[PDB]
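Naming convention: chains lettered A, B, ... in sequence-line order (proteins, then strands); numbering from 1 in each chain.
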Amino acid sequence: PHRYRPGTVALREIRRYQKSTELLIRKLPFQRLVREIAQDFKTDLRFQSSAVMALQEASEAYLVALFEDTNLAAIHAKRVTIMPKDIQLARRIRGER
Amino acid sequence: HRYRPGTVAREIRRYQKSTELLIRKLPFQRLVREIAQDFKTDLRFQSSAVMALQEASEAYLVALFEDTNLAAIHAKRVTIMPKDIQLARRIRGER
Amino acid sequence: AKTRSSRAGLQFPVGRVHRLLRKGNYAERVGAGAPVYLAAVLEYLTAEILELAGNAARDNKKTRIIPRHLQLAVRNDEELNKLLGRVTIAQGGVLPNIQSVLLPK
Amino acid sequence: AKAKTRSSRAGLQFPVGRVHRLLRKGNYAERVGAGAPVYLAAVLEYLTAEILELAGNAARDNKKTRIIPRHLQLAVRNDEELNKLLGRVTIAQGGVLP
Amino acid sequence: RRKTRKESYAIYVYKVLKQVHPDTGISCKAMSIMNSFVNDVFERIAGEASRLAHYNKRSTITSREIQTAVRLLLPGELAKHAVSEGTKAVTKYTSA
Amino acid sequence: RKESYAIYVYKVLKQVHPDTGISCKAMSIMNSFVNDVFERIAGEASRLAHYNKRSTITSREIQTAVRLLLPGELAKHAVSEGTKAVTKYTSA
Amino acid sequence: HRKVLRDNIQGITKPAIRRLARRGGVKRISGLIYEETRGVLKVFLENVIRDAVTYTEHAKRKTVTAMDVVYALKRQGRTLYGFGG
Amino acid sequence: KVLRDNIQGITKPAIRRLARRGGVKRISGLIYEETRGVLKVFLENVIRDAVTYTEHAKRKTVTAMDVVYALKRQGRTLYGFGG
DNA sequence: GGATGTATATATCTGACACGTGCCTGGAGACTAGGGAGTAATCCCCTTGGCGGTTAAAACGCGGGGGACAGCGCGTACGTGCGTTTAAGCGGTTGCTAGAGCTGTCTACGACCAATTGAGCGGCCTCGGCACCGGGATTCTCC
DNA sequence: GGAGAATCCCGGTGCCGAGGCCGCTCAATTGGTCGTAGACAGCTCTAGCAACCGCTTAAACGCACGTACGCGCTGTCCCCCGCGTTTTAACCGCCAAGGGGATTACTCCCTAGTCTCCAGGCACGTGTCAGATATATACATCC
């Protein structure tokens, strides 16, 4: 049959998801995660829907910006595959961990 | 008698134990006056001001060299190269 | 009863800027020409960003500005990207940019 | 009656009256409560003591009887929470950690 | 009871837009983003001018403080065009 | 008449380490430190009072600013210290 | 008192992390990236939610609003436009 | 009088000492010009703000507090000169 | 095993640290008045919870190829040492200039009150933008 | 190079709900007045900044030699991607209930403002040792 070479689909998806603006994480799981994290600071809390949406926007922007630096580090090490050490180096040089 | 290349770099322990300024004072002061020449002519400086500038710039350079060394080790090298400085400055948010 | 924005030749409200300065706890007193200066600077920056946003909107065959166009306009400008370097624009996306090392040869 | 300072009432060393004056003359709000300067002075004194104890331990480790900026730098960078609080701060003549 | 009146810069941003692009519109989310931008820039400039006045032991925020804050905050040619716009506005306001 | 916190820093030092001095540069560093943390806490309390449409800065705003600014156990101990001080001051 | 949510970090599935990495311009991904990213996201959310709940409690409310999140983000150097303010 | 090649006054052994305090073992020969450029950019960014603060006060002498404020406004607080 | 940098002990000794004086400015005590804040009540909206369907995405397994990793060789560039050259640092001097403090003046800003017009909310419409479809065109992989 | 094929884009179609225009009301802005303190101008004066000079010596510079490391090539293998199939849960549209956040009105108490009075902190002046620099030395690191 027909099979695209490993990497064509990757570039196609990179273009596709860099052309759009919608949120890439599902909403119900993210909301459950947010409520679970919050139940450790105060019990019986309520959230406005816009609060959860603001949290999701901020989180996704943060993760995309982190992946850009992770890719930079992976390329610096003369690789195309990102590894956990690249994330660790990116967060270390930024000043987070 | 010759020490192996590497053993005399002792220097790391010597310069991480002390606290004094590593750049000389007259050249740094001349550089500061030359840089400030382009913002306003016939300026004056307190000695306190030049010492503050030198402290800040030396701290900045040491903190940058630490990240440069991290990048060099990430690339499986022991020598720092301009690409390491560039990667460090870019991930920080300066380039 | 002439307004101060019309005296200064502006669109933004000088009276509201003056009130916000007086009620923001910034100093004991507020000069007479500080609100005029600040309103002029705010209107200038607004016009600067809106012109680029509208150009980006027209480049995509659209007649309304949406957050994507604002993001494109801000990130494609060297000085606006530095003014807003630590700002996140909701529903703005990113700039299309693929590293040359990942392209096929 | 006899004038008792407001910091002796709270059992503090830091000046409560000076903190109240700096709050009033700093353009932070229209009014300043009566117990806000006391709370703030207590917090400042606590943080001062916390730094000074570690700096004195560092000074004694180096066979010194006098704190210099090196000891402050060591005390701050060897403590996790103090290093997190003063993360973007430069201490003059402090050096680095070996 | 009665809905409290909320204040924004929507009408002024719309006037500026109709000056720059006469035939272009704008959505609600983009107008909210523009409102946030205006508020953020206002707060930055005002805080910097406040610190400037406190440094020199002054009690009044004047247009000199605003100009110096604009020079400290805006980069490059943005600062030049902003100080020129502000100076022209103040001159026209005073000449009247 | 340049006011500083030098004498109160010295009084605290005499409590933690009765036999330990301090130099002029270290004392100026401590002065800068206390000024910096004062400015941080006061600015955060001012913003907290503005967000809630209040005119007064009270000990509650100071407590919330401390909980926002200090990390981990520093915040817990500072809150306990401040509360103890305000309680002692009131009933006296 | 509702129920106790548990094991919700696994709802951040692998395809979603792949989509985030694609928008980040990443071409190839190791299999150990997903747990690292889950941990990073958990730390980030913990910090922001801590600050937001602090604001909510100071205002003496029981509901977390969007302005609480906006203030929490702003005080960490991550300003967000589009949700009021 | 005008000043010239003062960035070359930041010698190579001084940069080597600054790197030693940073924990660096080997150093490429192309690091010195890169470091000089980085230092020049940093100094320009700080001195611009310091001279702005000085001009706003109608002064001709740059004081240490101007440098302190300039560093503080770009997130580089410095203790030890604020008095 | 010999070389060599490294911390340790003792003698010198001084300039910075800790302590004692006057005073004057800022903090404390007491009183007064008003507005900010807390309390109680009311109400509606928006948050939580549930059900049902439906369908698009997630999960899983298999095959395969390509990228990460290890090993080896090589040549270049960096380090090390030594001899020479340079300019920084230090201790003085002089001059003069600009920042600081004081005094007097007066203009610009806050406060209060009355008038009124601009801006925000509630309606009322209508077309840019989007989902869906068809056709053509485009990159992509195998021969 | 062709050539078949998933994949993407342009044109055209409905179709809607959000953007754009308008009326009414009221709260925020504007104009006028008066008082007063902050700011500005002028003068003095002294500390500290700039400039010069002479000398010492330590640090920078330049050159040569050797070797250790960065880089390139090759081979292996494992582990990530692509795809087809199955399974699951997100999402959308309802509905029902209630709690909590916003609003309004009232009371009252706490904070600013004023003035008086005193004491604590800050410059100035004074006496002493902690830590730096030297001289010598045993030792731990290195080749």
Side-chain angles (χ1 to χ4, degrees), chain F residues 1-17 20-51 57 61-75 77-79 81-82, chain H residues 3 6-24 32 35-83:
Chain F
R1 289 299 185 270
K2 179 62 173 171
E3 63 185 342
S4 64
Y5 296 94
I7 55 173
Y8 314 109
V9 174
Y10 199 82
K11 292 175 181 177
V12 170
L13 175 60
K14 291 298 113 180
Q15 288 187 327
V16 288
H17 295 293
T20 293
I22 188 170
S23 65
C24 273
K25 289 296 177 176
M27 182 58 80
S28 56
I29 290 180
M30 290 304 296
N31 197 82
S32 304
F33 164 73
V34 52
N35 284 327
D36 180 26
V37 292
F38 181 94
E39 294 167 359
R40 294 197 217 181
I41 297 178
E44 189 54 44
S46 175
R47 281 188 291 273
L48 269 166
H50 282 142
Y51 292 161
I57 287 181
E61 275 82 351
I62 303 290
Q63 183 174 82
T64 306
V66 167
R67 282 174 172 162
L68 283 171
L69 289 159
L70 298 189
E73 216 75 8
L74 282 185
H77 285 97
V79 166
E81 291 282 312
Chain H
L3 302 87
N6 298 131
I7 194 63
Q8 295 293 318
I10 311 304
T11 49
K12 163 190 172 182
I15 302 177
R16 292 179 63 87
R17 289 190 291 266
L18 287 167
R20 290 289 186 256
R21 188 172 283 178
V24 178
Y32 309 118
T35 311
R36 292 185 184 103
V38 173
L39 174 65
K40 191 173 178 297
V41 170
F42 176 80
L43 278 185
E44 288 173 352
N45 286 341
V46 183
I47 293 180
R48 193 188 307 108
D49 288 353
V51 178
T52 300
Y53 279 113
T54 306
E55 289 175 326
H56 178 81
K58 307 284 188 60
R59 286 193 321 261
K60 302 182 179 182
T61 300
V62 188
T63 69
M65 293 309 299
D66 299 334
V67 179
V68 170
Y69 298 149
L71 288 159
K72 181 185 307 169
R73 80 164 314 277
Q74 65 189 223
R76 304 192 183 280
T77 310
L78 178 69
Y79 295 175
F81 296 96

Please say whether more than 12 non-hydrogen atoms of neighbouring residues, nucleotides or ligands are located less than 6.0 Å from NZ in H/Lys12.
no
Taken to the nearest 0.5 Å, the spacing of F/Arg40 CZ from H/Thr77 OG1 works out to 6.5 Å
Minimal heavy-atom distance between H/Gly80 and F/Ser32, with the atoms involved, is N-OG, 3.7 Å
For residues F/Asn31 and H/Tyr79, determine if any side-chain heavy atom of one lies less than 4.5 Å from a side-chain heavy atom of the other. no
Rounded to the nearest 0.5 angstrom, the CG-CG distance for F/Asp36 and H/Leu78 is 11.5 Å
Both conditions, 6.0 Å and 45 degrees, for the charged tip of F/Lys25 above the ring of H/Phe81: are they met here?
yes
Check your understanding: Is the NZ atom of F/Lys14 crowded by more than 12 outside heavy atoms at less than 6.0 Å?
Key -> yes
